[PDB]
Amino acid sequence: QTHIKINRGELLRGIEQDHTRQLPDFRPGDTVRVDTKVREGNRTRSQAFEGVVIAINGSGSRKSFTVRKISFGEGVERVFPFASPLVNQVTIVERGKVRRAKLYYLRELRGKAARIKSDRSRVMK
RNA sequence: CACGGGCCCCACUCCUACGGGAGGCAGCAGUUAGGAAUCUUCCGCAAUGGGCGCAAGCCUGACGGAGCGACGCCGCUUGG
């Protein structure tokens, strides 16, 4: 039982943001020559900067944000929706006037690599 | 139609501060090694040659040979 006549949601949206402190980046801009990079773990620390060379794309909804809309090619595909909400990662990058496909996720394509898949999305067929 | 210049693709010596790169020198030669075979990381850079600024001049692993080999053959000696 937790329903009567009171609006308590400043924990669900207050205490929620009581811990935040960030203006992400928020650029869905695809195909960038360089970007953010996780702090890694492994040894004691040895906080390295070479997670994944993303194209940057996506958004999400609150403390979750399926960030990665990248994967690669040496390993077929391979996405792994990382957590936008974290205090252990490099503070992003942004570049590219971007010919934007659909933004956010896609799932399709992602196998139609070949060659002409640089930073565009229209095609004649 | 680029000898070591480069772009692209595959095997891949090796280092990295994890983005990544400089990629084969069967040219004289070497190390190793496939193995019947093919010397030594050679000598002078006198002397032949190759390219130019007037030219000297430098560079030059081409050269004269050193030299690995009874490696094939030519000539000689192991007393009359």
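Neighbour counts are summed over all protein chains in view; Cβ atoms, including those assigned to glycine, are modelled from backbone coordinates with ideal geometry. Values quoted throughout were computed directly from the atomic coordinates according to the rules given, and no laboratory measurement underlies them.
Which of the chymotrypsin sites (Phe, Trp or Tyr not before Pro) found in the range A:1-68 are loop residues per DSSP with 15 or fewer other Cβ atoms within 10 Å of their Cβ?
Hits after loop and neighbour filter: A:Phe26, A:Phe49.
Pick out, in residue order, every one of the trypsin sites (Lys or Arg not before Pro) in the range A:46-113 that is DSSP loop and has at most 16 other C-beta atoms within 10 Å; say none if there are none.
Here the sparse-neighbourhood loop sites are A:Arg62, A:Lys63, A:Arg78, A:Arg95, A:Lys97, A:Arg99, A:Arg100, A:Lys102, A:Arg107, A:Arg110, A:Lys112.
I want the local charge near A:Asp25. Using Cβ-Cβ distances under 15 Å, sum +1 for each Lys or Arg and -1 for each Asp or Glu among the other residues.
Its environment carries a net charge of +3.
What size of dipole, in debye to the nearest 20, comes out for the range A:1-63 about its Cα centre when the only charges are +1 on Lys and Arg C-beta atoms and -1 on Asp and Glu C-beta atoms?
200
Could you tell me which trypsin sites (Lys or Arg not before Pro) in the range A:2-48 are loop residues by DSSP with no more than 11 other beta carbons within 10 angstrom of their beta carbon?
Answer by residue number: A:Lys5, A:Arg8, A:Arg13, A:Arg21, A:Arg33, A:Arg43, A:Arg45.
Using 0.36 nm per residue, how much length does the chain from A:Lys97 to A:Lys112 gain when fully extended, once their Cα-Cα distance is taken away?
My answer for the length gained is 3.1 nm.
In percent, what relative contact order does the range A:69-123 have, based on Cα pairs under 8 Å that are 6 or more apart in sequence?
35
How would A:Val93, A:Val123 line up from fewest to most surrounding beta-carbon atoms within 10 angstrom?
With the fewest neighbours first, A:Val93, A:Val123 line up as A:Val123, A:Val93.
State, as an integer percentage, the relative contact order of chain A based on alpha-carbon contacts under 8 Å between residues 6 or more apart.
In percent, rounded to a whole number, it is 25.
Could you line up A:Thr36, A:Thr66, A:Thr91 from fewest to most neighbouring Cβ atoms inside 10 Å?
The order, fewest Cβ neighbours first, is A:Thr91, A:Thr66, A:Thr36.
Grab the beta carbon distance between A:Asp18 and A:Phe80, set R0 = 35 Å, and tell me the FRET efficiency rounded to 0.05.
Taking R0 as 35 Å, the efficiency between A:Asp18 and A:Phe80 is 0.80.
Roughly speaking, what is the stretch gain from A:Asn7 to A:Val123, that is 0.36 nm per residue apart minus the C-alpha to C-alpha distance, in nm to one decimal?
36.7 nm
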